[PDB]
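Colleague: Before I ask anything, let me first share the structure, which is written out below as structure tokens.
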Amino acid sequence: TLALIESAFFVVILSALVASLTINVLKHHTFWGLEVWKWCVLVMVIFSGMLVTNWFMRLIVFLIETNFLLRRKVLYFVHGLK
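Numbering of the sequence shown is given in the deposited numbering, commencing with residue 166 and proceeding in unit increments.
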């Protein structure tokens, strides 16, 4: 539910950034002293960075699970500080 909305927003932001990079029509417009594509890429950076932080935390957890290390204290520390 909530995660689906975030994923859709991230996908939309990525598509908009790709369109702006490929198409120079949007580059012709600017606001706040900067090009619109730059601001769109920045906002997409914020949101997709939250999403990528979540994904990277999941990937790091998966890698630690596959790692040969099995220390109890390390597992608790990772769970607490993730």
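Here a beta-carbon is modelled for each residue, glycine too, at the ideal position from N, C-alpha and C.
Give me the Cα-Cα distance between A168 and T195, rounded to the nearest whole angstrom.
Modeller: Answer to the nearest angstrom: the Cα atoms are 32 Å apart.
Colleague: With H, G and I counted as helix, E and B as strand and the rest as coil, what does DSSP make of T195?
Modeller: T195: strand per DSSP, three-state reduction.
Colleague: Tell me whether the beta-carbon of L191 lies closer than 7 Å to the beta-carbon of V176.
Modeller: No. Outside cutoff.
Colleague: Measuring only the C-alpha atoms, how far is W204 from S180?
Modeller: So the alpha carbons of these two residues sit roughly 14 Å apart.
Colleague: Going by alpha carbons, who is nearest to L207 out of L182, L240, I170?
Modeller: For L207, the nearest C-alpha among the options comes from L182.
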